[PDB]
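Just below is one structure, and these are the notes that go with it.
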Amino acid sequence: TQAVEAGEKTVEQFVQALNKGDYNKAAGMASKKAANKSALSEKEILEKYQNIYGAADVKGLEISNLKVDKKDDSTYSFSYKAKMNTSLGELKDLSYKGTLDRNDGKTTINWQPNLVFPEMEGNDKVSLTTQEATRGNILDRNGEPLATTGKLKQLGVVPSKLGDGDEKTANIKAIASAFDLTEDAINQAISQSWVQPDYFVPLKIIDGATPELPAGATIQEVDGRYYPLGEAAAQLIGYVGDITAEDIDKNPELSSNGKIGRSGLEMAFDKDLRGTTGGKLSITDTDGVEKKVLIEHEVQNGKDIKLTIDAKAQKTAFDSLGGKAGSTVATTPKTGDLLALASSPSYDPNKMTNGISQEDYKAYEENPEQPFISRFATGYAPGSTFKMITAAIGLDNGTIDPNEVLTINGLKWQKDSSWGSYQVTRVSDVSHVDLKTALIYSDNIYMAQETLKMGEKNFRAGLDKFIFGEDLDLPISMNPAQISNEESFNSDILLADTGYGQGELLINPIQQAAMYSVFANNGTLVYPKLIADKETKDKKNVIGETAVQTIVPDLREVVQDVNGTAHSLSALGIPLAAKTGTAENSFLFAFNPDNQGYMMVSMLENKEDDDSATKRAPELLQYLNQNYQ
Amino acid sequence: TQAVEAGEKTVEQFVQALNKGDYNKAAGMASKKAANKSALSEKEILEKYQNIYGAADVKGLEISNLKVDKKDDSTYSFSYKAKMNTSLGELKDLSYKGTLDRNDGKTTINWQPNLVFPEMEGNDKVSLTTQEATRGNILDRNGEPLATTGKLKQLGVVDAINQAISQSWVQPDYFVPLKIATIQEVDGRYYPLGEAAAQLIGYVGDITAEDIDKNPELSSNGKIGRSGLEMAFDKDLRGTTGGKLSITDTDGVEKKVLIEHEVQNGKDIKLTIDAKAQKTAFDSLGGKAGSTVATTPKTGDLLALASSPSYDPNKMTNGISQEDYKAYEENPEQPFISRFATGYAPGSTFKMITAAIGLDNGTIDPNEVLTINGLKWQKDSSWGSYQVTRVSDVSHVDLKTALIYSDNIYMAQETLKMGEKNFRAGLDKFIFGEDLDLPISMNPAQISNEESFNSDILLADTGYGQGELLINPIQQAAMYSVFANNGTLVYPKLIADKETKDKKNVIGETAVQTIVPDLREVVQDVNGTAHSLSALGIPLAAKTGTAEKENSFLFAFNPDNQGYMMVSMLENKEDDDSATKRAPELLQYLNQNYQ
Amino acid sequence: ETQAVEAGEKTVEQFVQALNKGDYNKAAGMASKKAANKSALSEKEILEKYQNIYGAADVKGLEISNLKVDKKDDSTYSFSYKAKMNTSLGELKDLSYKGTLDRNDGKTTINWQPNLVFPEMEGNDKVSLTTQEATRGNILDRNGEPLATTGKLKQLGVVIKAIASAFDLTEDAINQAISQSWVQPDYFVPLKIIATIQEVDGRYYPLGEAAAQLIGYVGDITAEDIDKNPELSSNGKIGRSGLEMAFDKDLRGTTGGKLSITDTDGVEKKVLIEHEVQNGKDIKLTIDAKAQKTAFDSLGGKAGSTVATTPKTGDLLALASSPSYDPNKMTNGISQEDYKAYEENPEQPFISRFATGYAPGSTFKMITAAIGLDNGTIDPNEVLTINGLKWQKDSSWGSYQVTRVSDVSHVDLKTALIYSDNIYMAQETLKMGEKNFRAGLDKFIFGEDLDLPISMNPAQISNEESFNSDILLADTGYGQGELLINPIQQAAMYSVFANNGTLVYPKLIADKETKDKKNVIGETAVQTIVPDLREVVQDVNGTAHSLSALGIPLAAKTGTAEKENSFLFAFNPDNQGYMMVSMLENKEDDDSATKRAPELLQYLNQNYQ
């Protein structure tokens with residue numbers, strides 16, 4: 001039994017040449033072609049493996065229970081169990097068996113087609129099919145689609161069925177108008193390197209708007225990814241891209257023909273949404289008639305994802321910013337439900353996914369207001385809106401007497417002359433200011449002073465009860481909120497600018513909504529929620545019931561009182577508590593203090609002359625007030 | 001200069017390393033990474049080519065109009081035109097440009113992303129999509145489908161119930177397909193007439209790796225015609241795959257399309273087959289071995305091509321049990337054979353051909369009566385044991401009587417009376433030796449093996465449809481059409497749009513006006529061999545036939561309107577079974593619908 | 001009400017407003033002439049009185065109230081107001097000014113007197129303004145030993161061979177020092193802290209580089225620092241990093257000062273402001289200075305990190321980082337040569353490696369296994385069969401293979417911990433899947449910020465709310481992937497093994513109270529894995545078997561993250577008295593955290609029970 005173990009080594013070498021895909025080395029180990037030896041020549045054996053093992057991406061072949069036993073002086077029979085990896089899964093418990101040829105202490109394999117797959121015979125062959133999966137939808141709280149995959153009415157033109165110089169130039173005129181698109185863009189489209197004369201050339205995607213078509217112009221139906229709210233939810237939802245080689249490197253389970261999320265929720269949930277590809281590996285006879293199924297995995301289409309977003313609230317919130325720089329966030333404060341996450345400016349995510357001209361694309365990329373940013377997750381100084389936090393702490397720790405009246409003269413202030421030229425400024429020269437007056441007029445000086453009276457140690461003990469430094473259990477990329485660029489202020493100037501929402505504070509609009517929810521839950525903080533089925537999470541006693549019952553009445557008066565900063569909202573006739581804000585940027589906070597049915601946080605970045613968040617809030621506040629009670 | 005041609009060599013070697021897919025060698029010719037040198041490390045470059053040139057299967061890169069000039073001391077610029085092959089087509093007149101770094105005599109390439117494709121930049125990428133085509137249908141003369149691709153109700157579960165749930169791949173909660181408690185809707189190829197048109201239409205199989213070797217323009221996910229017409233027209237039916245090669249930014253947003261070939265779905269193929277005639281024709285063969293062909297003889301239109309037994313093409317294409325498959329393969333009556341294209345002896349039916357030849361050249365007088373005794377006959381005793389046999393012992397026998405009773409002996413005697421040379425001059429006006437312009441594989445029809453009969457016995461057996469004649473059922477329909485066209489022969493037609501082709505004066509107008517009346521009498525007259533068809537009440541001309549196990553034949557057509565013709569054959573008949581006994585249901589169909 | 005009264009009111013208010021703007025010349029022009037019944041000084045002498053006095057105290061922000069203006073006779077009106085003002089030492093409140101005005105043909109002027117500088121001043125009275133700098137507080141270890149202190153440093157110097165070889169310098173440095181621009185022949189030249197030596201007050205860090213990154217260092221105060229914070233004195237030191245900067249306000253104290261009115265000889269007559277100096281507070285840490293010095297030296301100057309705690313309370317006993325810098329030269333004098341060394345060194349000694357996020361490496365397997373066992377996916381006894389050193393789910397994974405180092409065929413959980421079997425865990429993770437994996441990972445402290453005075457990013461599981469790959473799911477199960485946990489965060493997560501599944505948050509301030517997070521992993525997962533963690537040591541094939549020579553009760557797990565990062569986790573399973581997490585970054589050939597762990601494990605074992 002040295003010949004026996006020489007036969008064992010011969011099997012193992014064959015198998016290892018296969019694992020390295022060295023199909024030529026393995027074919028070199030076969031006996032000559034003969035009725036009693038190998039069934040094919042060496043090249044005929046090389047080809048079978050390249051075709052079948054190449055096609056199925058066979059590797060990771062592991063044999064077990066190897067047995068080699070003598071039949072006659074020049075013939076040894078062998079048998080082993082094997083597992084192998086294919087590109088569709090793992091094949092487990094294959095029973096291979098064959099014979100070996102001993103001829104002058106040289107041992108080869110009597111190759112037979114049943115050393116590709118156990119049951120194969122003669123001219124049998126192997127087929128490998130895949131069924132790609134269809135991408136799941138993204139839905140709002142009421143099932144309305146925000147990202148959906150389906151048929152799309154696409155527009156295009158044929159260059160030949162268009163004319164010459166006479167009609168080619170006026171049909172361009174004709175189809176350019178019917179569909180609101182450049183007459184020049186039609187000239188650059190028809191003249192790209194790829195455009196043969198008799199091709200279909202794509203121009204636009206359309207939605208229940210197919211007019212009587214000019215001549216040359218034909219529309220065809222395309223499967224595509226579609227975003228019904230377009231740019232109104234583009235930063236939240238994201239867009240999907242073509243799959244590349246680089247994507248398949250980083251993840252070779254993807255197929256070249258899919259789509260892949262590149263930003264927003266499309267990327268955050270790409271595995272759930274993309275599904276799993278179906279596939280089948282079969283042994284067939286010489287005509288492709290299946291004789292044995294080796295692997296069969298049914299396609300699983302992608303899962304639907306349901307959000308808390310209200311598509312109407314979303315559209316309205318985004319339009320109300322009129323294309324200026326800014327962001328709006330709205331919630332149902334007692335549960336966390338995020339009803340709208342708007343950011344302005346924005347981009348047309350339907351073009352990024354289905355085709356965008358080099359012109360429209362360079363528009364977006366260079367625009368200095370930066371439409372690809374998710375401003376509702378960008379950190380900002382919250383602004384003087386923040387004063388209601390400082391005040392809530394003040395009252396909690398005893399520092400602030402609601403009735404203590406301060407006397408303040410002018411618009412500038414400093415603790416003493418040691419602050420040099422740094423002065424807290426305010427906008428309204430009120431002399432006698434208690435808490436109520438300070439919220440109503442947005443009095444930074446009042447708050448600067450009550451902070452310095454309270455001290456770093458007491459402020460941070462209150463601030464610390466919120467969610468600074470945390471990461472929020474949400475599928476949106478965001479840095480946590482900081483108090484300052486370090487672990488302590490080491491200035492009274494900074495301690496004080498921070499008491500009125502400036503300084504080195506960074507809180508993004510989603511985080512602000514979370515902090516301010518205390519005013520709608522008796523001091524308990526309720527965490528923002530974006531996936532509809534998730535459970536509500538809270539943090540109790542963040543501030544006290546009595547700070548809230550003191551501050552909310554003063555926040556109603558920011559609206560009702562004629563000197564309130566948000567008194568333009570009293571015309572609406574709806575119950576509002578609010579605080580306005582500015583940082584050095586315009587801010588608005590508001591919620592319904594009668595039913596706590598809704599809360600919103602709106603921001604206008606680099607406000608234009610006399611523009612403000614407060615001027616843009618009415619249409620959304622009317623909507624939210626009516627539908628969330 | 002030495003340094004300029006040093007640069008030309010480096011370009012030519014870089015490009016030649018790319019063709020050879022030797023991407024490691026090519027990145028090894030690059031300069032160090034630097035703002036005025038190469039933009040990436042050696043392995044970032046090895047990977048970029050592997051990803052992109054590997055993905056698109058770039059090969060066959062051919063450069064032309066190479067130019068190399070010195071720009072400054074340490075840097076030489078190059079430019080060339082190129083074309084290259086991708087898996088989607090050929091890229092033509094790409095304009096490449098770059099620079100080289102000569103540092104102490106050594107020439108490296110200042111690699112930049114525009115040495116993959118001219119237009120690339122920075123972290124740009126490449127996407128490559130395909131759209132596979134939908135296979136066209138095969139349609140009957142009325143647009144009804146004989147082969148169609150669509151949705152199918154696929155029964156399954158999450159005897160054969162037990163062998164299914166227990167195959168290697170069947171894990172617990174999988175859907176396991178049964179045949180066409182849970183149903184799912186799946187795309188597949190489907191044959192509405194099932195086995196009744198199987199040998200004509202064919203069936204399709206999974207595409208295999210072996211198929212992609214012989215034709216790598218195919219996709220792994222298609223189906224492929226394996227026999228019959230599915231295979232004859234596989235290219236027209238399968239269409240062409242769509243494809244797109246794009247340069248994209250780092251997020252997959254398209255910036256330039258290099259190639260776009262739009263999908264072309266497969267063409268429909270429209271036949272002359274009448275699906276109802278085909279089902280009836282096949283059903284009437286009662287599962288026996290045999291064949292039916294029906295035509296509209298004045299145009300050639302092939303209304304039906306039946307062969308029995310047959311097989312279930314829906315099982316070969318979507319799933320067949322190990323038992324059912326071995327049944328078909330081991331069955332000795334051979335269901336996979338297309339009997340309507342197989343050559344056979346035409347049998348005593350053929351006499352109406354001989355008789356027509358006789359009347360054209362003068363050998364046969366319609367009224368001359370022969371005298372015949374018994375059921376056997378031979379020229380003289382030099383024939384050993386070979387006797388022309390007949391079934392009916394009629395004494396006096398002219399031509400009409402001979403067609404009516406199927407009198408082999410009469411036709412033998414008139415054949416010898418005509419002789420090989422005059423017999424062959426008539427036969428040679430037909431379609432022996434021709435190939436018919438039809439998408440069915442078939443051997444041309446022969447008269448005998450060698451160009452003479454070389455026996456008198458064989459000359460006589462040929463006069464009554466035996467011997468070494470080989471005519472497949474379509475070829476018979478073609479020859480026998482002379483009796484519905486005043487002597488003109490009309491070639492069969494199977495593609496509905498093709499034009500009719502005829503061959504005039506194959507037999508004479510008078511042979512036809514003499515024989516057809518006699519063929520009406522094969523039906524009406526009570527001693528006629530096809531009397532059982534008078535029961536139906538339709539205008540028929542017919543001739544019955546036998547060849548020797550024995551094979552039964554029927555030819556028939558409507559002599560009032562020439563609307564239809566049929567040729568039916570029962571291979572190795574059972575006792576008292578016959579083609580004529582099986583023909584009524586199709587004659588009823590044809591008579592009503594073809595006028 | 002009268003125009004003459006309200007003209008007098010406005011004449012006062014403008015006088016005050018000119019002073020507020022430091023427009024002292026404008027204000028003296030509103031004075032009456034110099035006379036026994038008008039002003040006491042000329043317009044020039046008055047301008048100078050304000051420049052001296054109001055200039056010295058940086059008077060500004062003067063606010064009056066209760067203004068009263070009354071007729072005395074036709075040309076004389078008396079006035080009075082209360083005032084508050086800002087000085088450089090604070091705010092003066094309830095000042096009572098009084099004087100008279102001169103009406104002379106529609107023109108109203110001020111009959112100036114010295115008591116319109118400060119209420120009580122008279123004649124040639126003057127003003128004094130003194131300050132007292134505070135002395136900086138200490139930073140202390142758990143036993144009161146100083147980590148940062150202010151005191152007297154034996155600075156050595158010269159007014160060359162015999163004094164370069166006694167205290168040990170480069171005789172070159174003695175030539176470059178004496179020959180600098182400022183060195184007059186008769187000056188003292190500072191050379192070293194420990195030829196004449198004198199006693200100097202200085203900031204001193206006794207552990208030097210062993211704690212440089214935690215404690216930080218202090219710098220000169222510059223003009224720019226006082227802009228950003230003009231409550232600083234020109235003469236202090238200021239923390240530039242570490243706790244020196246994190247706690248600089250508490251450490252620096254409050255400067256004392258006194259504002260006084262004096263007679264012309266400096267005899268104090270009225271004290272306006274007096275704030276007594278407040279020296280800085282001491283800050284007391286959980287650090288153990290011996291543990292810190294030992295932990296840092298055991299890293300032999302290589303890149304790496306040691307973190308040690310008492311897991312049942314969070315106390316951080318050591319936070320060492322290597323390589324490091326000499327904070328004593330940064331604070332008291334450093335050659336341009338040594339300074340360029342630090343800033344250009346590529347191993348980055350100024351980084352706080354104990355607060356840097358890293359992939360935790362294969363040590364992480366014990367977290368996965370705990371989750372695996374809590375949710376049922378993993379049966380401690382189920383044996384998997386694994387062949388070779390590489391593995392992948394199927395061929396759709398391309399070139400990504402989980403690799404391991406020891407080719408064991410049969411492999412249950414115990415065995416997988418003992419040999420560090422990456423493949424066993426890859427499989428057991430895929431078997432439980434992202435949703436079950438993350439339900440465990442989420443009960444820990446990903447995303448949280450730790451209530452600590454050290455700047456650090458929170459720990460992530462991956463970059464998005466999901467992996468979007470099976471491959472990444474698997475690399476994460478054995479501590480690779482997109483995991484980021486810094487050594488302190490590692491110590492906090494691994495504490496579950498010393499508290500029966502309850503997680504105890506790190507503490508660096510000694511008096512702060514302990515905070516935990518209960519039922520993070522299960523009591524039975526802990527009782528299953530610790531026995532396997534003793535054998536990573538005791539068993540001869542365990543990856544840490546070289547520590548059984550020490551003779552101490554250990555549970556441990558080793559780790560690798562692939563350059564090559566070496567990891568050791570270890571603690572006492574009998575008394576839970578101490579835990580350590582050490583990391584050797586970019587290991588050399590055959591070096592590892594485990595080989596460098598013995599002297600710290602000996603100290604900790606005996607001192608923390």
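Naming scheme: A, B, ... for chains in displayed order of the structure tokens; residues 1 onward per chain; ligands 1 onward as shown.
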Segment 28-31 of chain C surroundings by only C-alpha atoms, 7 Å radius, close-in-sequence under 3 positions cut, as number ranges by chain = C: 15, 24-25, 39, 43, 46-47, 109-112
With the cut-off set at 8 Å and counting only C-alpha atoms, tabulate each residue of chain B with an atom at most that distance from an atom of chain A, showing the nearest atom pair and its distance in Å to one decimal, ordered by chain and increasing number, as CSV.
```
residue,atom,partner,partner_atom,distance
B:51,CA,A:245,CA,5.4
B:52,CA,A:245,CA,6.5
B:55,CA,A:245,CA,6.6
B:125,CA,A:244,CA,6.7
B:126,CA,A:244,CA,5.7
B:127,CA,A:244,CA,4.6
B:128,CA,A:256,CA,6.6
B:129,CA,A:257,CA,5.1
B:130,CA,A:257,CA,6.5
B:168,CA,A:294,CA,7.1
B:169,CA,A:295,CA,5.5
B:174,CA,A:298,CA,7.7
B:175,CA,A:298,CA,7.7
B:204,CA,A:288,CA,7.9
B:205,CA,A:288,CA,4.4
B:206,CA,A:288,CA,4.6
B:207,CA,A:127,CA,6.0
B:208,CA,A:127,CA,4.4
B:209,CA,A:51,CA,5.4
B:210,CA,A:51,CA,6.5
B:213,CA,A:51,CA,7.8
B:220,CA,A:129,CA,6.0
B:221,CA,A:129,CA,5.0
B:226,CA,A:287,CA,6.2
B:251,CA,A:262,CA,6.1
B:252,CA,A:241,CA,4.7
B:253,CA,A:352,CA,6.0
B:254,CA,A:355,CA,6.8
B:255,CA,A:358,CA,6.5
B:257,CA,A:194,CA,6.8
B:258,CA,A:194,CA,6.1
B:259,CA,A:194,CA,5.6
B:260,CA,A:194,CA,6.4
B:262,CA,A:199,CA,7.5
B:316,CA,A:289,CA,5.8
B:317,CA,A:289,CA,6.8
B:319,CA,A:290,CA,6.8
B:320,CA,A:290,CA,7.6
B:322,CA,A:291,CA,6.9
```
Could you turn the residues from that selection into a file that holds N, CA and C atoms, as a CSV table (one decimal), in the first residue's frame?
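Dumped everything to out12.csv:
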```csv
chain,number,residue,atom,x,y,z
B,51,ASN,N,-10.4,46.3,-13.1
B,51,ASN,CA,-11.8,46.6,-13.0
B,51,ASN,C,-12.4,46.9,-14.3
B,52,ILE,N,-11.9,47.9,-15.0
B,52,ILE,CA,-12.5,48.5,-16.2
B,52,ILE,C,-12.3,47.6,-17.4
B,55,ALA,N,-13.7,44.3,-16.9
B,55,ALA,CA,-15.1,44.2,-16.9
B,55,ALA,C,-15.7,44.2,-18.3
B,125,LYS,N,-15.6,56.2,-13.2
B,125,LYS,CA,-15.8,54.8,-13.2
B,125,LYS,C,-16.5,54.4,-14.5
B,126,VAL,N,-16.8,53.1,-14.6
B,126,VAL,CA,-17.4,52.6,-15.8
B,126,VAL,C,-18.5,51.6,-15.5
B,127,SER,N,-19.7,51.8,-16.1
B,127,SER,CA,-20.9,50.9,-15.9
B,127,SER,C,-21.2,50.2,-17.2
B,128,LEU,N,-21.6,48.9,-17.1
B,128,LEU,CA,-21.8,48.1,-18.3
B,128,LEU,C,-23.1,47.3,-18.2
B,129,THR,N,-24.2,47.7,-18.8
B,129,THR,CA,-25.5,47.1,-18.6
B,129,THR,C,-25.9,46.3,-19.8
B,130,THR,N,-26.7,45.2,-19.6
B,130,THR,CA,-27.4,44.5,-20.7
B,130,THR,C,-28.9,44.3,-20.5
B,168,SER,N,-32.0,16.7,-3.7
B,168,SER,CA,-30.9,17.2,-2.9
B,168,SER,C,-31.2,18.7,-2.5
B,169,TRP,N,-31.6,19.5,-3.5
B,169,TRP,CA,-31.7,21.0,-3.3
B,169,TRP,C,-33.0,21.4,-2.5
B,174,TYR,N,-38.8,25.9,0.6
B,174,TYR,CA,-38.7,26.4,-0.7
B,174,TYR,C,-39.9,26.1,-1.5
B,175,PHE,N,-40.2,26.8,-2.6
B,175,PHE,CA,-41.2,26.4,-3.5
B,175,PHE,C,-40.7,25.5,-4.5
B,204,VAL,N,-37.4,24.0,-26.9
B,204,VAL,CA,-36.3,24.7,-26.6
B,204,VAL,C,-35.7,24.3,-25.2
B,205,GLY,N,-34.4,24.5,-25.0
B,205,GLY,CA,-33.7,24.0,-23.8
B,205,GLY,C,-33.0,25.1,-23.2
B,206,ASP,N,-32.6,24.9,-21.9
B,206,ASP,CA,-31.6,25.7,-21.3
B,206,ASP,C,-30.4,25.9,-22.2
B,207,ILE,N,-29.9,27.1,-22.1
B,207,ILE,CA,-28.6,27.4,-22.7
B,207,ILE,C,-27.5,27.0,-21.8
B,208,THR,N,-26.5,26.3,-22.4
B,208,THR,CA,-25.4,25.8,-21.6
B,208,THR,C,-24.1,26.5,-21.9
B,209,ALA,N,-23.1,26.2,-21.1
B,209,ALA,CA,-21.8,26.8,-21.4
B,209,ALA,C,-21.2,26.3,-22.7
B,210,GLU,N,-21.5,25.0,-23.0
B,210,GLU,CA,-21.1,24.5,-24.3
B,210,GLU,C,-21.7,25.2,-25.5
B,213,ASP,N,-19.7,28.6,-25.9
B,213,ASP,CA,-18.5,28.3,-26.7
B,213,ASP,C,-18.8,28.4,-28.2
B,220,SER,N,-26.5,33.6,-20.9
B,220,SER,CA,-26.7,32.5,-20.1
B,220,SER,C,-28.2,32.4,-19.7
B,221,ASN,N,-29.0,33.4,-19.8
B,221,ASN,CA,-30.4,33.3,-19.3
B,221,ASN,C,-31.4,33.0,-20.4
B,226,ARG,N,-33.8,23.8,-30.0
B,226,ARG,CA,-33.1,22.5,-30.1
B,226,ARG,C,-33.5,21.6,-31.2
B,251,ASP,N,-20.3,58.2,-8.5
B,251,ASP,CA,-21.5,57.8,-7.9
B,251,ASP,C,-22.4,57.0,-8.9
B,252,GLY,N,-21.9,56.7,-10.1
B,252,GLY,CA,-22.7,56.1,-11.1
B,252,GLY,C,-23.6,57.0,-11.9
B,253,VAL,N,-23.3,58.3,-11.9
B,253,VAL,CA,-24.1,59.2,-12.8
B,253,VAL,C,-23.4,59.4,-14.1
B,254,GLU,N,-24.2,59.1,-15.2
B,254,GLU,CA,-23.6,59.0,-16.5
B,254,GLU,C,-23.2,60.3,-17.0
B,255,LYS,N,-22.0,60.3,-17.5
B,255,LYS,CA,-21.3,61.5,-18.1
B,255,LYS,C,-21.0,61.3,-19.5
B,257,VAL,N,-21.8,58.2,-22.8
B,257,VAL,CA,-22.1,56.9,-23.2
B,257,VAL,C,-21.2,56.5,-24.4
B,258,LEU,N,-20.4,55.5,-24.2
B,258,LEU,CA,-19.5,55.0,-25.2
B,258,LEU,C,-20.1,54.1,-26.2
B,259,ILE,N,-21.0,53.2,-25.8
B,259,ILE,CA,-21.8,52.3,-26.7
B,259,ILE,C,-23.2,52.2,-26.1
B,260,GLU,N,-24.2,52.2,-27.0
B,260,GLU,CA,-25.5,51.9,-26.7
B,260,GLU,C,-26.2,51.2,-27.9
B,262,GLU,N,-29.6,49.3,-28.5
B,262,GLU,CA,-30.9,49.0,-27.9
B,262,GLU,C,-31.4,47.6,-28.1
B,316,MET,N,-40.2,18.9,-22.2
B,316,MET,CA,-38.8,19.0,-22.5
B,316,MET,C,-38.3,20.5,-22.2
B,317,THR,N,-39.2,21.4,-22.3
B,317,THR,CA,-38.8,22.8,-22.2
B,317,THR,C,-38.9,23.3,-20.7
B,319,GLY,N,-39.7,21.1,-17.8
B,319,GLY,CA,-39.5,20.2,-16.7
B,319,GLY,C,-40.1,18.9,-17.0
B,320,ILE,N,-39.3,17.8,-17.1
B,320,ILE,CA,-39.8,16.5,-17.4
B,320,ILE,C,-39.2,15.5,-16.4
B,322,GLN,N,-37.7,12.0,-14.8
B,322,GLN,CA,-36.7,11.0,-15.3
B,322,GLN,C,-37.3,9.8,-16.0
```
Which residues, written as a list in words, have at least one atom at most 9 Å from residue 46 of chain A, with only C-alpha atoms counted and residues fewer than 2 positions away on the same chain left out?
-> residues 23, 24, 25, 26, 27, 28, 41, 42, 43, 44, 48, 49, 50 and 51 of chain A
Pick out each residue of segment 307-551 of chain A that DSSP on the backbone tags as strand (DSSP E); I need them as a PyMOL selection string.
-> chain A and resi 326-331+338-344+406-407+412-413+424-425+432-433+525-526+538-539
Can you spit out the residues from that selection as an mmCIF file, in the first residue's frame, using C-alpha atoms?
```
data_model
loop_
_atom_site.group_PDB
_atom_site.id
_atom_site.type_symbol
_atom_site.label_atom_id
_atom_site.label_comp_id
_atom_site.auth_asym_id
_atom_site.auth_seq_id
_atom_site.Cartn_x
_atom_site.Cartn_y
_atom_site.Cartn_z
ATOM 1 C CA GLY A 326 -32.593 76.453 4.631
ATOM 2 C CA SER A 327 -34.219 73.444 6.273
ATOM 3 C CA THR A 328 -37.495 72.524 7.966
ATOM 4 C CA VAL A 329 -38.185 69.591 10.309
ATOM 5 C CA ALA A 330 -41.534 68.688 11.742
ATOM 6 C CA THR A 331 -42.580 66.021 14.260
ATOM 7 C CA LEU A 338 -40.631 62.750 11.881
ATOM 8 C CA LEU A 339 -43.229 64.154 9.470
ATOM 9 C CA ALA A 340 -40.980 66.160 7.162
ATOM 10 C CA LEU A 341 -37.247 66.534 6.558
ATOM 11 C CA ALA A 342 -36.841 69.291 4.002
ATOM 12 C CA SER A 343 -33.616 70.860 2.817
ATOM 13 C CA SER A 344 -33.131 73.689 0.329
ATOM 14 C CA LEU A 406 -33.250 93.486 35.493
ATOM 15 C CA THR A 407 -32.426 96.952 34.280
ATOM 16 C CA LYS A 412 -24.649 96.591 24.245
ATOM 17 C CA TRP A 413 -23.380 95.026 27.470
ATOM 18 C CA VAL A 424 -23.417 91.014 24.089
ATOM 19 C CA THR A 425 -25.864 92.825 21.790
ATOM 20 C CA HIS A 432 -37.203 96.641 32.534
ATOM 21 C CA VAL A 433 -36.846 93.013 31.702
ATOM 22 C CA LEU A 525 -37.571 64.269 26.117
ATOM 23 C CA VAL A 526 -38.902 62.111 23.252
ATOM 24 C CA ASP A 538 -37.895 58.664 26.090
ATOM 25 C CA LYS A 539 -35.613 60.284 28.706
#
```
Counting only C-alpha atoms, chain C residues within 6 Å of chain A, as a VMD selection string = chain C and resid 86 to 88 90 to 91 229 to 230 246 249 394 to 398 447 to 449 453 464 to 465 468
Spatial neighbours of residue 150 of chain B, max dist 9 Å, only C-alpha atoms, sep filter under 4 positions, as an MDAnalysis selection string = chainID B and resid 186:190
Rank nothing, just name the residue among B:557, B:594, B:344, B:78 nearest to residue 471 of chain B, using only C-alpha atoms.
->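 Smallest distance to residue 471 of chain B is found for B:344.
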If we count only C-alpha atoms, what is near residue 319 of chain C at a cut-off of 8 Å, once residues fewer than 3 positions away on the same chain are taken out, given as a PyMOL selection string?
-> chain C and resi 211+214+287+292+305-308+316+354
